[PDB]
file input-v1.pdb (PDB, C-alpha atoms (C1' of nucleotides) and all ligand atoms)
ATOM      1  CA  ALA G   1     104.302 144.939 110.965  1.00  0.00           C
ATOM      2  CA  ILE G   2     100.477 144.914 111.275  1.00  0.00           C
ATOM      3  CA  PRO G   3      97.863 142.509 109.775  1.00  0.00           C
ATOM      4  CA  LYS G   4      95.464 143.806 107.094  1.00  0.00           C
ATOM      5  CA  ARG G   5      92.962 145.199 109.628  1.00  0.00           C
ATOM      6  CA  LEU G   6      89.403 143.865 109.208  1.00  0.00           C
ATOM      7  CA  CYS G   7      86.053 145.159 110.471  1.00  0.00           C
ATOM      8  CA  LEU G   8      85.326 142.099 112.627  1.00  0.00           C
ATOM      9  CA  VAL G   9      81.641 143.196 112.737  1.00  0.00           C
ATOM     10  CA  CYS G  10      80.707 142.595 109.049  1.00  0.00           C
ATOM     11  CA  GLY G  11      83.941 141.054 107.631  1.00  0.00           C
ATOM     12  CA  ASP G  12      85.429 143.664 105.245  1.00  0.00           C
ATOM     13  CA  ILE G  13      88.786 145.561 105.287  1.00  0.00           C
ATOM     14  CA  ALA G  14      88.709 148.249 108.005  1.00  0.00           C
ATOM     15  CA  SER G  15      90.015 151.730 107.186  1.00  0.00           C
ATOM     16  CA  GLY G  16      91.630 151.521 110.658  1.00  0.00           C
ATOM     17  CA  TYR G  17      90.695 151.420 114.339  1.00  0.00           C
ATOM     18  CA  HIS G  18      87.367 153.133 115.091  1.00  0.00           C
ATOM     19  CA  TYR G  19      86.007 152.882 118.644  1.00  0.00           C
ATOM     20  CA  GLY G  20      89.017 150.925 119.911  1.00  0.00           C
ATOM     21  CA  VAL G  21      88.737 147.943 117.495  1.00  0.00           C
ATOM     22  CA  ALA G  22      89.318 147.646 113.723  1.00  0.00           C
ATOM     23  CA  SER G  23      86.027 148.795 112.100  1.00  0.00           C
ATOM     24  CA  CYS G  24      85.043 150.310 108.727  1.00  0.00           C
ATOM     25  CA  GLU G  25      83.497 153.771 108.239  1.00  0.00           C
ATOM     26  CA  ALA G  26      79.873 152.611 107.770  1.00  0.00           C
ATOM     27  CA  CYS G  27      79.949 150.673 111.082  1.00  0.00           C
ATOM     28  CA  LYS G  28      81.517 153.780 112.757  1.00  0.00           C
ATOM     29  CA  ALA G  29      78.723 156.079 111.479  1.00  0.00           C
ATOM     30  CA  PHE G  30      75.937 153.624 112.452  1.00  0.00           C
ATOM     31  CA  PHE G  31      77.414 153.004 115.934  1.00  0.00           C
ATOM     32  CA  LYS G  32      77.499 156.789 116.550  1.00  0.00           C
ATOM     33  CA  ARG G  33      73.911 157.379 115.291  1.00  0.00           C
ATOM     34  CA  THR G  34      72.546 154.555 117.483  1.00  0.00           C
ATOM     35  CA  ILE G  35      74.169 155.859 120.711  1.00  0.00           C
ATOM     36  CA  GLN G  36      74.328 159.669 120.182  1.00  0.00           C
ATOM     37  CA  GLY G  37      70.799 159.750 118.648  1.00  0.00           C
ATOM     38  CA  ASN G  38      69.481 157.117 121.179  1.00  0.00           C
ATOM     39  CA  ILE G  39      67.861 155.224 118.262  1.00  0.00           C
ATOM     40  CA  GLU G  40      65.959 152.042 119.232  1.00  0.00           C
ATOM     41  CA  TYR G  41      66.022 149.092 116.761  1.00  0.00           C
ATOM     42  CA  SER G  42      64.537 145.566 116.483  1.00  0.00           C
ATOM     43  CA  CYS G  43      65.422 142.530 114.339  1.00  0.00           C
ATOM     44  CA  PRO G  44      62.947 141.756 111.488  1.00  0.00           C
ATOM     45  CA  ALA G  45      63.288 138.064 112.497  1.00  0.00           C
ATOM     46  CA  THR G  46      64.459 136.669 115.892  1.00  0.00           C
ATOM     47  CA  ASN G  47      67.652 138.666 116.802  1.00  0.00           C
ATOM     48  CA  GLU G  48      69.669 135.445 116.263  1.00  0.00           C
ATOM     49  CA  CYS G  49      71.493 136.658 113.135  1.00  0.00           C
ATOM     50  CA  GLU G  50      75.065 136.249 111.902  1.00  0.00           C
ATOM     51  CA  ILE G  51      76.372 139.587 110.570  1.00  0.00           C
ATOM     52  CA  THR G  52      78.049 140.114 107.196  1.00  0.00           C
ATOM     53  CA  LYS G  53      78.153 143.271 104.984  1.00  0.00           C
ATOM     54  CA  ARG G  54      74.890 141.985 103.425  1.00  0.00           C
ATOM     55  CA  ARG G  55      73.131 140.861 106.634  1.00  0.00           C
ATOM     56  CA  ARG G  56      73.843 144.054 108.615  1.00  0.00           C
ATOM     57  CA  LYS G  57      71.809 146.121 106.076  1.00  0.00           C
ATOM     58  CA  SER G  58      68.815 143.881 106.979  1.00  0.00           C
ATOM     59  CA  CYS G  59      69.362 143.866 110.784  1.00  0.00           C
ATOM     60  CA  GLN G  60      70.332 147.155 112.503  1.00  0.00           C
ATOM     61  CA  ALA G  61      69.560 145.531 115.905  1.00  0.00           C
ATOM     62  CA  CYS G  62      71.817 142.506 115.217  1.00  0.00           C
ATOM     63  CA  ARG G  63      74.531 144.863 113.808  1.00  0.00           C
ATOM     64  CA  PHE G  64      74.539 146.806 117.123  1.00  0.00           C
ATOM     65  CA  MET G  65      74.586 143.482 119.056  1.00  0.00           C
ATOM     66  CA  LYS G  66      77.614 142.245 117.002  1.00  0.00           C
ATOM     67  CA  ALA G  67      79.377 145.634 117.453  1.00  0.00           C
ATOM     68  CA  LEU G  68      79.037 145.501 121.283  1.00  0.00           C
ATOM     69  CA  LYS G  69      79.912 141.759 121.381  1.00  0.00           C
ATOM     70  CA  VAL G  70      83.177 142.037 119.397  1.00  0.00           C
ATOM     71  CA  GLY G  71      84.337 145.147 121.319  1.00  0.00           C
ATOM     72  CA  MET G  72      82.902 148.443 119.993  1.00  0.00           C
ATOM     73  CA  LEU G  73      82.059 149.561 123.556  1.00  0.00           C
ATOM     74  CA  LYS G  74      79.058 151.921 124.043  1.00  0.00           C
ATOM     75  CA  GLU G  75      81.302 154.060 126.314  1.00  0.00           C
ATOM     76  CA  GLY G  76      83.799 154.219 123.386  1.00  0.00           C
ATOM     77  CA  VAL G  77      81.513 156.886 121.843  1.00  0.00           C
ATOM     78  CA  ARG G  78      82.174 160.086 123.805  1.00  0.00           C
ATOM     79  CA  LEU G  79      79.016 162.147 124.456  1.00  0.00           C
ATOM     80  CA  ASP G  80      81.638 164.964 124.760  1.00  0.00           C
ATOM     81  CA  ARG G  81      82.196 164.396 120.984  1.00  0.00           C
ATOM     82  CA  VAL G  82      85.770 165.757 120.560  1.00  0.00           C
ATOM     83  CA  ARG G  83      87.651 164.691 117.423  1.00  0.00           C
ATOM     84  CA  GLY G  84      90.909 162.708 117.469  1.00  0.00           C
ATOM     85  CA  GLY G  85      90.681 161.651 121.159  1.00  0.00           C
ATOM     86  CA  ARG G  86      92.091 158.158 120.495  1.00  0.00           C
ATOM     87  CA  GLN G  87      90.242 155.424 122.423  1.00  0.00           C
ATOM     88  CA  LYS G  88      92.309 152.235 122.007  1.00  0.00           C
ATOM     89  CA  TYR G  89      90.982 150.642 125.215  1.00  0.00           C
ATOM     90  CA  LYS G  90      93.355 150.474 128.214  1.00  0.00           C
TER      91      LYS G  90
ATOM     92  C1'  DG U   1     106.540 168.429 115.293  1.00  0.00           C
ATOM     93  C1'  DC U   2     104.943 164.213 113.260  1.00  0.00           C
ATOM     94  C1'  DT U   3     101.519 160.149 113.547  1.00  0.00           C
ATOM     95  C1'  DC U   4      97.029 157.662 114.761  1.00  0.00           C
ATOM     96  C1'  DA U   5      92.472 157.507 115.087  1.00  0.00           C
ATOM     97  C1'  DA U   6      88.026 160.004 116.973  1.00  0.00           C
ATOM     98  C1'  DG U   7      84.393 161.862 114.361  1.00  0.00           C
ATOM     99  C1'  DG U   8      82.267 165.589 111.762  1.00  0.00           C
ATOM    100  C1'  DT U   9      80.541 166.612 107.182  1.00  0.00           C
ATOM    101  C1'  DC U  10      78.225 165.644 103.225  1.00  0.00           C
ATOM    102  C1'  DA U  11      77.900 162.963  98.662  1.00  0.00           C
ATOM    103  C1'  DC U  12      75.920 158.746  96.619  1.00  0.00           C
ATOM    104  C1'  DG U  13      72.650 154.692  96.298  1.00  0.00           C
TER     105       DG U  13
ATOM    106  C1'  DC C   1      66.579 158.151 104.661  1.00  0.00           C
ATOM    107  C1'  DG C   2      70.444 155.001 105.226  1.00  0.00           C
ATOM    108  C1'  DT C   3      74.832 154.127 104.482  1.00  0.00           C
ATOM    109  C1'  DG C   4      79.421 154.952 102.274  1.00  0.00           C
ATOM    110  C1'  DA C   5      83.601 157.432 102.345  1.00  0.00           C
ATOM    111  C1'  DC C   6      86.504 161.203 102.592  1.00  0.00           C
ATOM    112  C1'  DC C   7      88.397 165.621 104.891  1.00  0.00           C
ATOM    113  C1'  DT C   8      89.254 167.881 109.773  1.00  0.00           C
ATOM    114  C1'  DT C   9      90.197 167.749 114.331  1.00  0.00           C
ATOM    115  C1'  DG C  10      93.185 167.301 118.081  1.00  0.00           C
ATOM    116  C1'  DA C  11      94.871 163.830 121.505  1.00  0.00           C
ATOM    117  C1'  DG C  12      99.388 160.722 122.015  1.00  0.00           C
ATOM    118  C1'  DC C  13     104.185 159.424 120.715  1.00  0.00           C
TER     119       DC C  13
HETATM  120 ZN    ZN G 101      82.015 147.032 109.323  1.00  0.00          ZN
HETATM  121 ZN    ZN G 102      68.436 140.049 112.742  1.00  0.00          ZN
END

call {"tool": "encode", "arguments": {"input": "input-v1.pdb", "output": "structure tokens"}}
result
Amino acid sequence: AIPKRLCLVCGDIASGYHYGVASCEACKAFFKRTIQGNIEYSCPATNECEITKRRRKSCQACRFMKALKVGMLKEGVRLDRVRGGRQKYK
DNA sequence: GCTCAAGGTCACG
DNA sequence: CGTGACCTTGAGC
């Protein structure tokens, strides 16, 4: 069996594992753009923000913080960028 | 020689 | 212009 996998970033049903933890497609795409595009962000407020589906739209910075914290590793994103190279961390 | 998930690719709000 | 989400790639079992 497996649990109903959940994007533990924003708290919605994950499509599956993406970057070695359960994460939805939006979080995947963001996490890529941030790293691959070397995009800098800042919190509107204080970068002391809980992250939900709603709150992540507001705070890109806090989204990226949550992502790293829970276990979407920066190094998970290959700069080599080759599809299907599964990265369940071990 | 199938199965899982990196991750493009591009359509919608 | 930022997600949202669905097809393709292509590495592991
Ligand atoms: Zn998510
Ligand atoms: Zn914030």

call {"tool": "residues_near_ligand", "arguments": {"input": "input-v1.pdb", "ligand": "ligand ZN 102 (chain G)", "cutoff": "8 Å", "atoms": "only C-alpha atoms (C1' of nucleotides) and all ligand atoms", "output": "MDAnalysis selection string"}}
result
chainID G and resid 42:50 55:56 58:63

call {"tool": "interface_residues", "arguments": {"input": "input-v1.pdb", "of": "chain G", "to": "chain C", "cutoff": "9 Å", "atoms": "all atoms listed in the file", "output": "PyMOL selection string"}}
result
chain G and resi 25-26+29-30+57+82-86

call {"tool": "resolve_selection", "arguments": {"input": "input-v1.pdb", "expression": "the PyMOL selection byres ((chain U) within 9 of (chain G and not hetatm))", "output": "MDAnalysis selection string"}}
result
chainID U and resid 4:8

call {"tool": "residues_near_ligand", "arguments": {"input": "input-v1.pdb", "ligand": "ligand ZN 101 (chain G)", "cutoff": "6 Å", "atoms": "all atoms listed in the file", "output": "ChimeraX atom specification"}}
result
/G:7,9-10,23-24,27

call {"tool": "atom_distance", "arguments": {"input": "input-v1.pdb", "atom1": "CA of residue 54 in chain G", "atom2": "CA of residue 12 in chain G"}}
result
10.8 Å

call {"tool": "atom_distance", "arguments": {"input": "input-v1.pdb", "atom1": "CA of residue 68 in chain G", "atom2": "CA of residue 31 in chain G"}}
result
9.4 Å

call {"tool": "atom_distance", "arguments": {"input": "input-v1.pdb", "atom1": "CA of residue 89 in chain G", "atom2": "CA of residue 38 in chain G"}}
result
22.8 Å
